[PDB]
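Here is the structure we will look at.
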Amino acid sequence: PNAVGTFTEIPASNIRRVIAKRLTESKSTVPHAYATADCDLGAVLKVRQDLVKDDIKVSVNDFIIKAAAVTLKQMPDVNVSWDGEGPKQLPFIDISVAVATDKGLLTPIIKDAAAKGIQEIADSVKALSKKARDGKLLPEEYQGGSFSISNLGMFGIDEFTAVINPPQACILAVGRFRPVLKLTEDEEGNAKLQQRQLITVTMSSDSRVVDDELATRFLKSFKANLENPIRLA
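In C-alpha coordinates form, the structure reads like this:
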(Lines of atoms letter the chains of each structure in order from A and count residues from 1; the text may use other names and numbers.)
(Lines give C-alpha, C1' and ligand atoms only; values in the text may rest on other atoms or scores of the structure.)
Protein backbone atom coordinates (compact mmCIF):
# COMPACT_ATOMS: atom_id res chain seq x y z
CA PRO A 1 0.00 0.00 0.00
CA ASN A 2 0.85 3.68 -0.27
CA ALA A 3 2.88 4.09 2.92
CA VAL A 4 5.04 0.94 2.83
CA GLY A 5 5.62 0.34 -0.90
CA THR A 6 6.57 -2.55 -3.20
CA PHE A 7 9.79 -4.26 -2.08
CA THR A 8 11.89 -7.07 -3.51
CA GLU A 9 12.23 -10.10 -1.41
CA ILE A 10 15.73 -11.48 -1.44
CA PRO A 11 16.48 -14.94 -0.08
CA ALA A 12 19.44 -14.95 2.27
CA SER A 13 21.89 -17.58 1.03
CA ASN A 14 22.99 -20.29 3.43
CA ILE A 15 26.54 -19.05 2.99
CA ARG A 16 25.47 -15.57 4.06
CA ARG A 17 23.13 -16.98 6.72
CA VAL A 18 25.93 -18.87 8.50
CA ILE A 19 28.10 -15.76 8.18
CA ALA A 20 25.39 -13.59 9.76
CA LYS A 21 24.76 -16.15 12.50
CA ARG A 22 28.44 -16.21 13.47
CA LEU A 23 28.79 -12.41 13.27
CA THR A 24 25.75 -12.12 15.55
CA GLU A 25 27.09 -14.49 18.22
CA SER A 26 30.43 -12.67 17.97
CA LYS A 27 28.95 -9.19 18.31
CA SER A 28 27.16 -10.48 21.40
CA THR A 29 30.06 -12.35 23.02
CA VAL A 30 33.12 -10.42 21.78
CA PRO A 31 33.75 -6.91 23.19
CA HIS A 32 35.40 -5.86 19.93
CA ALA A 33 38.03 -3.11 20.17
CA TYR A 34 39.48 -1.07 17.28
CA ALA A 35 42.78 0.74 16.76
CA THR A 36 44.32 2.78 13.94
CA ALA A 37 47.84 3.66 12.81
CA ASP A 38 49.43 5.13 9.67
CA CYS A 39 52.83 4.02 8.39
CA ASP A 40 55.34 4.99 5.68
CA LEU A 41 55.40 2.73 2.62
CA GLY A 42 57.20 5.27 0.45
CA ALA A 43 60.64 3.67 0.66
CA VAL A 44 58.75 0.37 0.72
CA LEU A 45 56.96 1.38 -2.48
CA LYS A 46 60.45 1.98 -3.88
CA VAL A 47 61.32 -1.55 -2.77
CA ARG A 48 58.26 -2.65 -4.77
CA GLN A 49 59.51 -0.82 -7.85
CA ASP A 50 62.78 -2.71 -7.82
CA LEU A 51 61.11 -6.05 -7.10
CA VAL A 52 59.07 -5.39 -10.24
CA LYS A 53 62.21 -6.25 -12.16
CA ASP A 54 61.28 -9.82 -11.21
CA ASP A 55 58.58 -11.69 -13.08
CA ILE A 56 56.23 -12.13 -10.17
CA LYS A 57 54.10 -9.09 -9.42
CA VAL A 58 54.05 -8.35 -5.70
CA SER A 59 51.60 -6.07 -3.88
CA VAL A 60 51.65 -4.18 -0.58
CA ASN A 61 49.13 -6.49 1.08
CA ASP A 62 51.97 -9.01 0.93
CA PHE A 63 54.11 -6.67 3.05
CA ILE A 64 51.26 -6.12 5.50
CA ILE A 65 50.83 -9.89 5.74
CA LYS A 66 54.51 -10.73 6.25
CA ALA A 67 54.69 -7.89 8.77
CA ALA A 68 51.73 -9.36 10.64
CA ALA A 69 53.54 -12.71 10.73
CA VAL A 70 56.72 -10.97 11.93
CA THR A 71 54.90 -9.01 14.63
CA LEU A 72 52.90 -12.02 15.83
CA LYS A 73 56.05 -14.15 15.66
CA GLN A 74 57.62 -11.49 17.88
CA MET A 75 54.43 -10.98 19.90
CA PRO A 76 52.41 -14.23 19.90
CA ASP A 77 50.31 -12.81 22.75
CA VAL A 78 48.38 -10.92 20.07
CA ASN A 79 47.80 -14.18 18.17
CA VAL A 80 45.57 -16.46 20.25
CA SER A 81 42.51 -18.67 19.84
CA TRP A 82 39.53 -17.90 22.07
CA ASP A 83 37.43 -21.02 22.65
CA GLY A 84 34.75 -20.65 25.30
CA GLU A 85 36.76 -19.71 28.28
CA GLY A 86 40.41 -19.65 27.83
CA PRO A 87 42.72 -18.07 25.29
CA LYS A 88 44.55 -20.55 23.08
CA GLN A 89 48.03 -19.34 22.20
CA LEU A 90 49.14 -20.49 18.76
CA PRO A 91 52.85 -20.19 17.92
CA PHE A 92 51.59 -21.05 14.42
CA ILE A 93 50.78 -18.08 12.17
CA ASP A 94 47.71 -18.61 9.98
CA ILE A 95 46.86 -15.57 7.87
CA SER A 96 43.35 -15.00 6.49
CA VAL A 97 43.31 -12.66 3.48
CA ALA A 98 40.01 -10.98 2.65
CA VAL A 99 39.36 -10.91 -1.11
CA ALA A 100 36.35 -9.16 -2.64
CA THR A 101 34.33 -10.92 -5.35
CA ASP A 102 30.84 -11.01 -6.84
CA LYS A 103 30.02 -13.87 -4.42
CA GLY A 104 31.00 -11.76 -1.42
CA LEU A 105 34.18 -11.75 0.67
CA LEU A 106 36.29 -14.93 0.50
CA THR A 107 38.80 -15.58 3.29
CA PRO A 108 41.52 -17.86 1.88
CA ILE A 109 43.79 -19.07 4.69
CA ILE A 110 47.56 -19.01 4.19
CA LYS A 111 49.08 -21.99 5.97
CA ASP A 112 52.25 -21.27 7.95
CA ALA A 113 52.92 -18.00 6.12
CA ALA A 114 55.36 -17.07 8.90
CA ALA A 115 58.03 -19.38 7.42
CA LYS A 116 57.26 -18.51 3.79
CA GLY A 117 59.32 -16.05 1.75
CA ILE A 118 57.97 -12.85 0.23
CA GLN A 119 57.99 -14.21 -3.32
CA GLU A 120 56.12 -17.29 -2.13
CA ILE A 121 53.75 -15.03 -0.16
CA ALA A 122 52.85 -13.09 -3.31
CA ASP A 123 52.54 -16.20 -5.49
CA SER A 124 50.48 -17.69 -2.66
CA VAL A 125 48.07 -14.75 -2.47
CA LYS A 126 47.78 -15.02 -6.25
CA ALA A 127 47.11 -18.77 -6.10
CA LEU A 128 44.40 -18.36 -3.47
CA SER A 129 43.19 -15.46 -5.62
CA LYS A 130 42.58 -17.78 -8.58
CA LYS A 131 41.29 -20.63 -6.41
CA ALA A 132 38.91 -18.16 -4.76
CA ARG A 133 37.63 -16.60 -7.94
CA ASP A 134 36.94 -19.81 -9.83
CA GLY A 135 35.24 -21.15 -6.69
CA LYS A 136 37.58 -24.13 -6.40
CA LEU A 137 38.35 -23.59 -2.71
CA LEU A 138 36.92 -25.97 -0.09
CA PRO A 139 35.50 -24.65 3.20
CA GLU A 140 38.53 -25.52 5.34
CA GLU A 141 40.82 -23.32 3.24
CA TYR A 142 38.43 -20.54 4.29
CA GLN A 143 38.67 -21.78 7.90
CA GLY A 144 41.05 -22.26 10.80
CA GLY A 145 43.22 -19.19 10.31
CA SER A 146 44.82 -17.72 13.42
CA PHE A 147 43.76 -14.23 12.32
CA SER A 148 42.61 -12.16 9.36
CA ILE A 149 43.94 -9.32 7.21
CA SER A 150 41.88 -7.18 4.82
CA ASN A 151 42.57 -4.05 2.79
CA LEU A 152 39.72 -1.86 1.58
CA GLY A 153 42.25 0.80 0.57
CA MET A 154 42.42 -0.55 -2.97
CA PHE A 155 38.88 0.85 -3.22
CA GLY A 156 38.15 3.69 -0.70
CA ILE A 157 36.72 4.12 2.79
CA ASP A 158 39.68 6.00 4.29
CA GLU A 159 38.70 4.64 7.69
CA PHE A 160 36.73 1.49 8.32
CA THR A 161 35.55 -0.69 11.19
CA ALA A 162 35.23 -4.43 10.54
CA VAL A 163 33.63 -7.30 12.47
CA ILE A 164 36.02 -9.84 13.97
CA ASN A 165 35.38 -13.40 12.79
CA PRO A 166 35.42 -15.91 15.69
CA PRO A 167 37.14 -17.83 17.04
CA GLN A 168 39.71 -15.21 16.05
CA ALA A 169 40.71 -12.31 18.28
CA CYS A 170 42.05 -9.89 15.66
CA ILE A 171 41.64 -8.64 12.09
CA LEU A 172 43.58 -5.98 10.18
CA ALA A 173 41.74 -3.37 8.11
CA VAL A 174 43.96 -1.28 5.83
CA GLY A 175 42.99 2.05 4.27
CA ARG A 176 44.23 4.44 1.60
CA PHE A 177 47.35 6.61 1.43
CA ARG A 178 47.15 10.09 3.05
CA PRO A 179 49.50 13.00 2.28
CA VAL A 180 50.69 12.93 5.90
CA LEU A 181 53.42 15.45 6.63
CA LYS A 182 56.91 14.81 7.90
CA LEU A 183 58.59 18.16 8.78
CA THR A 184 61.39 20.26 7.19
CA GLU A 185 64.36 17.92 6.96
CA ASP A 186 67.13 20.14 8.32
CA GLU A 187 66.61 21.79 11.69
CA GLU A 188 68.11 25.04 10.31
CA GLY A 189 66.92 24.40 6.73
CA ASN A 190 64.57 26.04 4.23
CA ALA A 191 62.97 22.87 2.93
CA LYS A 192 59.29 23.61 2.98
CA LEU A 193 56.74 21.31 4.44
CA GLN A 194 56.02 18.05 2.74
CA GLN A 195 53.05 15.70 2.73
CA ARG A 196 53.75 12.04 1.97
CA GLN A 197 51.40 9.14 1.32
CA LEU A 198 51.02 7.04 4.47
CA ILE A 199 49.10 3.77 4.40
CA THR A 200 46.48 3.13 7.08
CA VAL A 201 46.13 -0.07 9.12
CA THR A 202 43.14 -0.56 11.43
CA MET A 203 43.51 -3.17 14.18
CA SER A 204 40.29 -4.83 15.34
CA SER A 205 40.74 -6.58 18.69
CA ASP A 206 38.68 -8.06 21.51
CA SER A 207 38.99 -6.06 24.72
CA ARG A 208 38.66 -9.28 26.73
CA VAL A 209 41.40 -11.30 25.02
CA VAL A 210 43.64 -8.55 23.61
CA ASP A 211 45.13 -6.07 26.09
CA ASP A 212 45.19 -2.38 25.18
CA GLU A 213 48.99 -2.32 25.46
CA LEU A 214 49.15 -5.63 23.60
CA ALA A 215 47.45 -4.16 20.54
CA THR A 216 49.40 -0.93 21.05
CA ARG A 217 52.68 -2.84 20.66
CA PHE A 218 51.15 -4.86 17.82
CA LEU A 219 50.42 -1.83 15.63
CA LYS A 220 53.41 -0.04 17.16
CA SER A 221 56.14 -2.54 16.33
CA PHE A 222 54.00 -3.07 13.23
CA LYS A 223 54.68 0.50 12.11
CA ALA A 224 58.28 -0.03 13.23
CA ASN A 225 58.68 -3.22 11.20
CA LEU A 226 57.19 -1.31 8.27
CA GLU A 227 59.39 1.71 8.89
CA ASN A 228 61.97 -0.70 7.35
CA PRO A 229 61.59 -4.24 5.89
CA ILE A 230 65.02 -5.24 7.19
CA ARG A 231 63.17 -5.48 10.52
CA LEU A 232 60.65 -7.67 8.65
CA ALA A 233 63.35 -9.91 7.14
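So the sequence shown is residues 269 to 501, counted in full-length UniProt numbering.
Beta carbons are placed, not taken as given, at the ideal position from N, Cα and C, and that holds for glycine.
| Check | Outcome |
| --- | --- |
| Secondary structure of residue 452, DSSP reduced to three states | coil |
| Pick from 355, 430, 366 and 417 that is closest to residue 334, judged by C-alpha positions | 417 |
| Length of the line joining the Cα atoms of residue 480 and residue 346 | 10 Å |
| Extent of the continuous beta strand (DSSP E) to which residue 352 belongs | Premise fails: residue 352 is in no beta strand (DSSP E) and is neither H nor E. |
| Reduced DSSP category for residue 259 - H, G, I as helix; E, B as strand; rest coil | The shown model of the chain, from 269 to 501, leaves out residue 259, and the question about it has no answer. |
| Check whether residue 414 and residue 301 have beta carbons under 7 Å apart | no |
| Alpha carbon of residue 373 to alpha carbon of residue 457, nearest angstrom | 49 Å |
| DSSP-derived helix/strand/coil call for residue 477 | coil |
| Endpoints, the beta strand (DSSP E) within which residue 304 is located | 300-307 |
| Given residue 290 as reference, the closest of 441, 369, 384 and 434 once Cα atoms are compared | 434 |
| Test item: CB-CB of residue 409 and residue 378 under 7 Å | no |
| Of the listed residues 272, 342, 309 and 323, nearest to residue 485 (C-alpha basis) | 342 |
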